[PDB]
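Below is the file start29.pdb, which contains PDB, C-alpha atoms.
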ATOM      1  CA  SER M   1       2.857  -4.292  -0.390  1.00  0.00           C
ATOM      2  CA  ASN M   2       5.475  -5.225  -3.109  1.00  0.00           C
ATOM      3  CA  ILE M   3       4.363  -2.775  -5.872  1.00  0.00           C
ATOM      4  CA  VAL M   4       5.881   0.726  -6.148  1.00  0.00           C
ATOM      5  CA  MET M   5       3.962   3.136  -8.377  1.00  0.00           C
ATOM      6  CA  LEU M   6       6.502   5.848  -9.215  1.00  0.00           C
ATOM      7  CA  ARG M   7       4.366   8.930  -9.944  1.00  0.00           C
ATOM      8  CA  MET M   8       5.798  12.144 -11.451  1.00  0.00           C
ATOM      9  CA  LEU M   9       8.538  10.526 -13.602  1.00  0.00           C
ATOM     10  CA  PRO M  10       9.717  12.445 -16.716  1.00  0.00           C
ATOM     11  CA  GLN M  11       8.960  11.260 -20.247  1.00  0.00           C
ATOM     12  CA  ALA M  12      12.693  10.705 -20.885  1.00  0.00           C
ATOM     13  CA  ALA M  13      13.425   8.162 -18.073  1.00  0.00           C
ATOM     14  CA  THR M  14      14.056   4.513 -19.052  1.00  0.00           C
ATOM     15  CA  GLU M  15      13.487   1.056 -17.601  1.00  0.00           C
ATOM     16  CA  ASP M  16      17.281   0.923 -17.263  1.00  0.00           C
ATOM     17  CA  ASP M  17      17.614   4.132 -15.164  1.00  0.00           C
ATOM     18  CA  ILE M  18      15.338   2.478 -12.623  1.00  0.00           C
ATOM     19  CA  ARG M  19      17.416  -0.777 -12.756  1.00  0.00           C
ATOM     20  CA  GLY M  20      20.374   1.430 -11.724  1.00  0.00           C
ATOM     21  CA  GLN M  21      18.497   2.945  -8.742  1.00  0.00           C
ATOM     22  CA  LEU M  22      17.211  -0.428  -7.474  1.00  0.00           C
ATOM     23  CA  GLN M  23      20.663  -1.979  -7.634  1.00  0.00           C
ATOM     24  CA  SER M  24      22.224   1.026  -5.828  1.00  0.00           C
ATOM     25  CA  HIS M  25      20.102   0.071  -2.760  1.00  0.00           C
ATOM     26  CA  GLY M  26      20.991  -3.582  -3.536  1.00  0.00           C
ATOM     27  CA  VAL M  27      17.388  -4.538  -4.305  1.00  0.00           C
ATOM     28  CA  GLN M  28      16.464  -6.775  -7.250  1.00  0.00           C
ATOM     29  CA  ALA M  29      13.487  -5.608  -9.230  1.00  0.00           C
ATOM     30  CA  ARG M  30      11.402  -8.642 -10.043  1.00  0.00           C
ATOM     31  CA  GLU M  31       9.738  -6.661 -12.866  1.00  0.00           C
ATOM     32  CA  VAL M  32       9.723  -3.124 -14.313  1.00  0.00           C
ATOM     33  CA  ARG M  33       6.825  -1.405 -16.152  1.00  0.00           C
ATOM     34  CA  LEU M  34       8.225   1.966 -17.375  1.00  0.00           C
ATOM     35  CA  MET M  35       7.616   3.058 -21.013  1.00  0.00           C
ATOM     36  CA  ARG M  36       8.737   0.626 -23.820  1.00  0.00           C
ATOM     37  CA  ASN M  37       5.601  -1.569 -23.904  1.00  0.00           C
ATOM     38  CA  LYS M  38       3.484   0.820 -25.933  1.00  0.00           C
ATOM     39  CA  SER M  39       0.446  -1.509 -25.644  1.00  0.00           C
ATOM     40  CA  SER M  40      -0.435  -1.650 -21.928  1.00  0.00           C
ATOM     41  CA  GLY M  41       0.471   2.029 -21.666  1.00  0.00           C
ATOM     42  CA  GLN M  42       3.530   2.324 -19.327  1.00  0.00           C
ATOM     43  CA  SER M  43       4.722   5.542 -21.033  1.00  0.00           C
ATOM     44  CA  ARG M  44       2.895   8.312 -19.093  1.00  0.00           C
ATOM     45  CA  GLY M  45       5.330   9.831 -16.552  1.00  0.00           C
ATOM     46  CA  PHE M  46       5.022   6.948 -14.050  1.00  0.00           C
ATOM     47  CA  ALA M  47       6.289   3.366 -13.392  1.00  0.00           C
ATOM     48  CA  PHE M  48       4.652   0.252 -11.765  1.00  0.00           C
ATOM     49  CA  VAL M  49       7.856  -1.434 -10.395  1.00  0.00           C
ATOM     50  CA  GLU M  50       7.407  -4.776  -8.564  1.00  0.00           C
ATOM     51  CA  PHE M  51       9.660  -6.520  -6.036  1.00  0.00           C
ATOM     52  CA  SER M  52      10.096 -10.235  -5.211  1.00  0.00           C
ATOM     53  CA  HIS M  53       9.635  -9.475  -1.501  1.00  0.00           C
ATOM     54  CA  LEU M  54       7.006  -7.329   0.240  1.00  0.00           C
ATOM     55  CA  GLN M  55       9.754  -5.903   2.511  1.00  0.00           C
ATOM     56  CA  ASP M  56      11.817  -4.823  -0.563  1.00  0.00           C
ATOM     57  CA  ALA M  57       9.189  -2.304  -1.722  1.00  0.00           C
ATOM     58  CA  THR M  58       9.253  -0.728   1.739  1.00  0.00           C
ATOM     59  CA  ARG M  59      13.089  -0.937   1.650  1.00  0.00           C
ATOM     60  CA  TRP M  60      13.391   1.184  -1.481  1.00  0.00           C
ATOM     61  CA  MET M  61      10.575   3.505  -0.280  1.00  0.00           C
ATOM     62  CA  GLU M  62      11.903   4.340   3.210  1.00  0.00           C
ATOM     63  CA  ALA M  63      15.556   4.459   2.069  1.00  0.00           C
ATOM     64  CA  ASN M  64      14.497   7.422  -0.136  1.00  0.00           C
ATOM     65  CA  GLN M  65      12.025   8.991   2.377  1.00  0.00           C
ATOM     66  CA  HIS M  66       9.270   8.242  -0.148  1.00  0.00           C
ATOM     67  CA  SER M  67      10.753  10.445  -2.958  1.00  0.00           C
ATOM     68  CA  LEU M  68      13.239   9.494  -5.725  1.00  0.00           C
ATOM     69  CA  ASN M  69      15.013  11.704  -8.286  1.00  0.00           C
ATOM     70  CA  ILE M  70      15.406  10.510 -11.905  1.00  0.00           C
ATOM     71  CA  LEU M  71      16.813  12.779 -14.640  1.00  0.00           C
ATOM     72  CA  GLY M  72      16.361  15.504 -11.989  1.00  0.00           C
ATOM     73  CA  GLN M  73      12.525  15.080 -11.714  1.00  0.00           C
ATOM     74  CA  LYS M  74      11.166  14.695  -8.163  1.00  0.00           C
ATOM     75  CA  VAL M  75       9.359  11.329  -8.205  1.00  0.00           C
ATOM     76  CA  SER M  76       6.873  10.121  -5.545  1.00  0.00           C
ATOM     77  CA  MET M  77       6.318   6.450  -4.571  1.00  0.00           C
ATOM     78  CA  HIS M  78       2.979   4.813  -3.741  1.00  0.00           C
ATOM     79  CA  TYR M  79       1.872   1.179  -3.170  1.00  0.00           C
ATOM     80  CA  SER M  80      -0.594   0.610  -6.088  1.00  0.00           C
ATOM     81  CA  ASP M  81      -1.650  -2.745  -4.627  1.00  0.00           C
ATOM     82  CA  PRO M  82      -0.577  -5.269  -1.955  1.00  0.00           C
ATOM     83  CA  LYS M  83       0.502  -7.846  -4.606  1.00  0.00           C
ATOM     84  CA  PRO M  84      -0.690  -9.137  -8.030  1.00  0.00           C
ATOM     85  CA  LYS M  85      -3.203 -11.751  -6.884  1.00  0.00           C
ATOM     86  CA  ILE M  86      -4.489 -12.666 -10.368  1.00  0.00           C
ATOM     87  CA  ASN M  87      -4.472 -16.440 -11.050  1.00  0.00           C
ATOM     88  CA  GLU M  88      -2.861 -15.704 -14.464  1.00  0.00           C
ATOM     89  CA  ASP M  89       0.427 -13.938 -15.399  1.00  0.00           C
ATOM     90  CA  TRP M  90       0.017 -13.931 -19.196  1.00  0.00           C
ATOM     91  CA  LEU M  91      -3.459 -12.258 -19.416  1.00  0.00           C
TER      92      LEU M  91
END

Give the structure from the file, written as structure tokens.
Amino acid sequence: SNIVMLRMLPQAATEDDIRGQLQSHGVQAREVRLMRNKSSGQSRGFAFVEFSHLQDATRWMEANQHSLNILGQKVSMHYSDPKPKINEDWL
């Protein structure tokens, strides 16, 4: 899988906090879904982070033993899908 659902985030965390954590492991995020949007609803105490490479999700997962820590909150990580297999990317 290349998606990393980050459950148990705080309200206060940002898209940019996560950019920091990804880059500390030396992993690009392809995309980040954490607050900001309003519309789709990314502002709940989770993220839906996606990687360019299926291995890279597993990289960030296992290199943190399947738990991160952002603004002190203990965050869990879960594959919410294998990959986005929609035929559209603007729907």

Starting from the PyMOL selection byres ((chain M and resi 79-90) around 9), expand the selection into actual residues of this file and give them as a PyMOL selection string. chain M and resi 1-6+48+50+54+57+77-78+91

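For the structure in this document, the set picked by the PyMOL selection byres ((chain M and resi 34-40) around 12) is residues 4, 5, 6, 7, 9, 10, 11, 12, 13, 14, 15, 16, 17, 18, 19, 31, 32, 33, 41, 42, 43, 44, 45, 46, 47, 48, 49, 50 and 91 of chain M.
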
Quick check, in Å to one decimal: how far apart do atom CA of residue 53 of chain M and atom CA of residue 24 of chain M lie? 17.0 Å

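Between atom CA of residue 20 of chain M and atom CA of residue 51 of chain M the separation is 14.5 Å.
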
Record the distance separating atom CA of residue 61 of chain M and atom CA of residue 73 of chain M, expressed in Å with one decimal. 16.4 Å

Counting all atoms listed in the file, the option among M:8, M:62, M:52, M:74 closest to residue 25 of chain M: M:62

Return the padded bounding box of segment 24-39 of chain M as lines of an AutoDock Vina configuration file: axis-aligned, built from all atoms listed in the file, 5 Å added on each side, with centre and edge lengths in Å to one decimal.
center_x = 11.3
center_y = -2.8
center_z = -14.3
size_x = 31.8
size_y = 21.7
size_z = 33.2
